[PDB]
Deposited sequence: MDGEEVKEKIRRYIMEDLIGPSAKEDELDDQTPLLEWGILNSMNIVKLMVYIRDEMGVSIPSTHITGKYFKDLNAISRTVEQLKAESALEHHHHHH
């Protein structure tokens, strides 16, 4: 949960782009966008598999929203 959330926050901050808060709006401020969102999914599958119905504001709004998404993908 808080570990899932930090492996992501590390990746966003390192491999895509300070402090990046849980609620920092990733799409509103173009931190996540058409070109980098599919990369972050390469990673969340290849090293933690998000579906394409999910590539939208609901799933990827906040850092904690991307947290819930992977958490809820159990089986």
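The chain's deposited sequence has unresolved stretches at 1-2, 20-25, 57-58, 86-96, with no C-alpha coordinates there.
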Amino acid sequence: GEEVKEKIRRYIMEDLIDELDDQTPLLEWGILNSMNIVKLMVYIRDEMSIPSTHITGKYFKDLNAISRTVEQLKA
From here on, numbers count along this sequence of modelled residues.
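For the pair 26-34 and 39-47, the mean B factor over Cα atoms is greater in 39-47. Annotation for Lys74: CA B-factor lies in the highest third of the chain's modelled residues. Annotation for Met13: CA B-factor lies in the highest third of the chain's modelled residues. Placement of the Cα temperature factor of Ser52 within the chain: highest third of the modelled residues, per the deposited record.
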